[PDB]
Amino acid sequence: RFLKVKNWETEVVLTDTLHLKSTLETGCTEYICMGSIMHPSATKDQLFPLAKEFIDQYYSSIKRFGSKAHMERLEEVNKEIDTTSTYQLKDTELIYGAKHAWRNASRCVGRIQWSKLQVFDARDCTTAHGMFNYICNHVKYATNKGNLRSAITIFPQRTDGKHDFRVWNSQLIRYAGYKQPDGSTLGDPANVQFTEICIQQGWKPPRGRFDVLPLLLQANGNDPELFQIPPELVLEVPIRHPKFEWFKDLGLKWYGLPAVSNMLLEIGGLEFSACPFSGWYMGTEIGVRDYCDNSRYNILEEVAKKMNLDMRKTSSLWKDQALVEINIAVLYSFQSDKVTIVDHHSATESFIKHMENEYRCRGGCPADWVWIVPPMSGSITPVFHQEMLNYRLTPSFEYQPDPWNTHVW
Amino acid sequence: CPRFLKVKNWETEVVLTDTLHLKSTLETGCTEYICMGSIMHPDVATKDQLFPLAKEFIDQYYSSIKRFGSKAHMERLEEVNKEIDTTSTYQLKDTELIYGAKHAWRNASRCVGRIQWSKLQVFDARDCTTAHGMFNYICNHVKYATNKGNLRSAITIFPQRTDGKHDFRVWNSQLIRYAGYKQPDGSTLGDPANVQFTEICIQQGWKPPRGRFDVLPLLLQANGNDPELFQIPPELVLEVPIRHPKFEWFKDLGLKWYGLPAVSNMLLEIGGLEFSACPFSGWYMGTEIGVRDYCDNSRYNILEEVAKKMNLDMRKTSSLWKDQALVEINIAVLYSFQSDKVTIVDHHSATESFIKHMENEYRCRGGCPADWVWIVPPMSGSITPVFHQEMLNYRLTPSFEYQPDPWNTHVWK
Ligand code: HEM
Ligand code: HEM
Ligand SMILES: CN(C)c1cccc(CNCc2ccc3ccc(N)nc3c2)c1
Ligand SMILES: CN(C)c1cccc(CNCc2ccc3ccc(N)nc3c2)c1
Ligand SMILES: C[C@H](O)[C@H](O)[C@H]1CNc2nc(N)[nH]c(=O)c2N1
Ligand SMILES: C[C@H](O)[C@H](O)[C@H]1CNc2nc(N)[nH]c(=O)c2N1
Ligand SMILES: [Zn+2]
């Protein structure tokens, strides 16, 4: 069942064989496509086949399939599940698994970097203070004074679901959001809820536009605890425009390190509920989504006024104009501060090249066109014209529910 | 399949509930293990295949006019059945034809303009027998729809397929398009998208002006005969010269586009009947011209030339010089059309209308199939409301379908 994907601009056709190695669902059926749905719908006996699957591909990946080492590992993992209802990955396997979860992440346009990932093993962590220490080291390592380095820190795997390690923040670094008396919103409205949970727990908010949230860390199923990231570890960039000297007066800033902390890493049937990972920003993430989404910072109107645009009718495309200038400013600011960032043209171009490598060496590359195509200037990037196949490979990063919906104190 | 599927809008938190997907009649191409949502494209029906297909449609029609189960309903069923049994096909009443065409549009998941679905002038050309007659019908379509700039959506429907060796076909992908010419040096003049078709017209006897914006002749096939060339009267072809409200130099690019987008190569399927020639037209969303026609690399590819005249730094991609030029080009397209009083809609207005449309459809029909990949405009996606709208895609009938290009299948006489 070979499948072709065509690029309609280059006329290049690639052939997908890798999709046959999928066992998990996408949500679509033969009659309904859920391609634009954000979130479409263990035990001993469940655990061994999954473990065996993963061990098999690991030893296949290192070109020693059926080897002496392979056979022993299967036997070892088998006995361990049998006696403990779970098992422990070797260090090599942990690293392999984390890199391959990134490699398999269909929504990520940054996967050309997949094999360059610093993996921090934190599976010996037992307390929230421990988690905080590991997270601080992660932030300091990955930030690297502006020359950002991809990293992931991995906390103890789930056991019975009652003793989960969770990073309650959705990212290690985010700005707080405050509901104002007049019903408006101060700061980042995405984090309004979380921000209030921090307030409720003892955090004293400066009530500003860009207040770095505290860490809320839960170890071994216990109540979460508050920690302030040492500010010298938090790299931030003042946004300015290279032509418009009034732009700095907007008072905008963003942090340099995007560090997603609320996903679940699944490897060989094992679940890692706390696995903050980080790379670096594509400019549009901040410039289009964080800044210009109606339900986020929502600055288009303000910027539009400073550029003195006619805002009476949509067909003047004043929004599109303002959107481009904002995104120029973000790239300029980060570059001028020697902080790693990628523009959407460069990123999408690297992704097409990555796709080509993957088809050539791996027989395909799962990819989610809905997420891959940038949220501005879509068809002037090469991925718009790229047919992609989406399918779920393991190891993977999965969504999990917010901890405050399932945690009793 | 579950009876209630929910879609969420991530900007407004509005949740809608779809039940209409249960009426889905054909395959998307996806399976449970793979999604083909970004794939562009993922001899006749026997008596027994035709019976349920026809009954399905007739039931739907009589349900729509609140006469389901009526004597007229059962009579129509019995008459259709007899007709299939004695002729292996059947003929649609004018009322059913009009309903079916409007519903094929209503069902078109890739169309952002469907709020207008129930306002569609249908021209019944099922009495057409020759290519000259097809030409007459098409000229009348163009003039009515153009309406001196005040465009009116319309479809003209030619006779349905019979044995498959007598198809009516418009060979043109749209009624109005510009020629493309491959040069000996590898460069292209005009629209690179139309090179192949242009070549065919030239072989058929067309004398090409060999310019940048040469309107192509119609290449019309009636009753399965070899196709024939016809020139559309130029006074019927409304065109807009592109200028920019600020940049005086923009008119010097010698750009223009035609006013009427009129897809002419799709197949219209109603109650199992196949109308292989059904040119239809609405009006343009600006980005269709300003982003795709003008800025695609494989199309007119003008970004560079515009950026140069704007004197942009074009060395660092991170200057976003492409993005900056793209916006100006789209501003010029909208300004030129509005100035010449030719109907056009910007992508903000269109997508906002589609959201209101989609909500109404979920309310009154239990759903609205939509293809997010197509519905989200090719620029500024995130700042239009559709980007944030979860959509369910599925294929309802009647529908517009793709069909192979006629020169690939035609048996030359
Ligand atoms: C190194 C530079 C990287 C770049 C430029 C990059 C780029 C992106 C972008 C732009 C998105 C879309 C996010 C959004 O729109 O909200 C994304 C998604 C994603 N990325 Fe990457 N990424 C990078 C590194 C990484 C790393 C190191 C990992 C994991 C180890 C990773 C895993 C993921 C996952 C799982 C998603 C899906 C997020 C979701 O479903 O919410 N990425 N990436
Ligand atoms: C009245 C104003 C209309 C507007 C603003 C509009 C808008 C659009 C746009 C922007 C597209 C995407 C085209 C592309 O990117 O190639 C599209 C596709 C489509 N439209 Fe509409 N449309 C209109 C009228 C109509 C009518 C009258 C019909 C049929 C009766 C129709 C049926 C379709 C179909 C079948 C597609 C899919 C085209 C394909 O798959 O190539 N539209 N429409
Ligand atoms: C609920 N959830 C999983 C969540 C939480 C925060 C943000 C998001 C959206 N995904 C954003 C994201 C993820 C990974 C990235 C890696 C690199 C990069 N530059 N940006 C990323 C953005 C979802
Ligand atoms: C079937 N095929 C290959 C084909 C032929 C011509 C054009 C296209 C792309 N679809 C363009 C289209 C379709 C309907 C429209 C309705 C209104 C409008 N303003 N634009 C439309 C563009 C594909
Ligand atoms: C409804 C739709 O799935 C949702 O808005 C998606 C669309 N594409 C996206 N693409 C990226 N990269 N990030 C996102 O958050 C989204 N949101
Ligand atoms: C690969 C991808 O499916 C292809 O480029 C699509 C994307 N979405 C589109 N959307 C519209 N409206 N028109 C198009 O031609 C396309 N092309
Ligand atoms: Zn799908």
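The listed protein sequences correspond, in order, to chains L and S.
Heads up: the first sequence is residues 304 to 344, 354 to 721, going by full-length UniProt numbering.
Heads up: the second sequence is residues 302 to 343, 352 to 722, going by full-length UniProt numbering.
C-beta atoms are modelled at their ideal positions from N, C-alpha and C, and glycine is treated no differently.
Look at the stretch 679 to 696 of chain S: the residues with a C-beta under 7 Å from a C-beta of chain L are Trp681, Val682, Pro687, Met688, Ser689, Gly690, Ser691, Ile692 and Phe696. Scanning its chain for C-beta atoms nearer than 7 Å, with the 5 sequence neighbours on each side dropped, one finds around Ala502(L) the residues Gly489 and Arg608, in chain order. Following the DSSP letters along the chain, one finds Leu498(S) inside the beta strand (DSSP E) bounded by residues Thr497 to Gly499. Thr318(L) has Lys307(L) as its beta-bridge partners, per DSSP.
By the Cβ neighbour-count rule, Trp681(S) is buried, with 16 or more other Cβ atoms within 10 Å of its own.
DSSP places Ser708(L) inside the beta strand (DSSP E), whose first and last residues are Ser708 to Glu710. In the structure shown, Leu362(S) adopts helical secondary structure according to DSSP, grouped into three states. For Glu405(L), the uninterrupted alpha helix (DSSP H) run begins and ends at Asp403 to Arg415, by DSSP. With a threshold of 9 Å between beta carbons, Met337(L) makes contact with chain S. A residue is listed when its beta-carbon falls short of 6 Å from at least one non-hydrogen atom of ligand 3; in chain order these are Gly422(L), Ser482(L), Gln483(L), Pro570(L), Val572(L), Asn574(L), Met575(L), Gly591(L), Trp592(L), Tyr593(L), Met594(L), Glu597(L) and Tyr711(L). Take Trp426(S), set aside five residues on each side of it, and the residues of its chain with a beta-carbon closer than 7 Å to its own are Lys411, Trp414 and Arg415, in chain order. Cβ-Cβ distances below 8 Å link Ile367(L) to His382, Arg385, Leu386, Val389, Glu405 and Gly580 in the same chain, with the five nearest sequence neighbours on each side left out; the list follows chain order.
Assignment of beta-bridge partners to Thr465(L) by DSSP yields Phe432(L). Taking 9 Å as the CB threshold, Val504(S) stays off the interface with chain L. The beta-carbon of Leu612(L) is placed less than 9 Å from the nearest beta-carbon of chain S. At least one CB atom of chain L sits nearer than 9 Å to the CB of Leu635(S). Using a CB distance cut-off of 9 Å, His322(L) counts as an interface residue toward chain S. At least 9 Å separates the CB of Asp436(L) from every CB of chain S. The DSSP-derived three-state label of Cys448(S) is helix. Any heavy atom of ligand 6 within less than 6 Å of a residue's beta carbon puts that residue on the list, which reads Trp311(L), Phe696(L), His697(L), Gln698(L), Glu699(L), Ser339(S), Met341(S), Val682(S) and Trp683(S).
Contact annotation for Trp311(S) against chain L: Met341 [CB-CB distance below 7 Å, chain order]. For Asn639(L), the number of other beta carbons within 10 angstroms of its own is at least 16, and it is reported as buried.
Your pair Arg304(S) and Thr320(S) checks out as a contact, with CB atoms roughly 6 Å apart and the cut at 8 Å. Ranked by Cα distance from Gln513(L), the first of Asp523(L), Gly499(L) and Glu537(L) is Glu537(L).
Interface flag for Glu365(L) against chain S is unset, since no Cβ pair is found closer than 9 Å. By the neighbour-count definition (other C-beta atoms within 10 Å, threshold 16), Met341(L) is an exposed residue. Distances from the CB of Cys336(S) to the heavy atoms of ligand 7 include at least one below 8 Å. Around the beta carbon of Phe432(L), a 10 Å sphere encloses 16 or more other beta carbons of the protein chains shown; the residue is thus reported as buried. Excluding five sequence positions before and after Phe467(L), the CB atoms of its chain that fall closer than 6 Å to its own CB belong to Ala434, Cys437, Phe477 and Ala586, given in chain order.
In this structure, DSSP gives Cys677(L) a state outside helix and strand, which the three-state scheme calls coil. Residues of chain S with a Cβ closer than 9 Å to the Cβ of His657(L) are, in chain order, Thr626, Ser627, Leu629, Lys631 and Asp632. When DSSP states are grouped into helix, strand and coil, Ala586(L) belongs to the coil group.
By the neighbour-count definition (other C-beta atoms within 10 Å, threshold 16), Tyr711(S) is an exposed residue. Contacts between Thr332(S) and chain L, judged by CB atoms closer than 9 Å, involve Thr329, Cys331, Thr332 and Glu333 in chain order.
The shortest C-alpha to C-alpha distance from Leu562(L) to any of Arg423(L), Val720(L) and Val642(L) is the one to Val642(L). For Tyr703(S), the chain L residues whose Cβ falls inside 8 Å of its Cβ are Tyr334, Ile335 and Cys336, in order along the chain.
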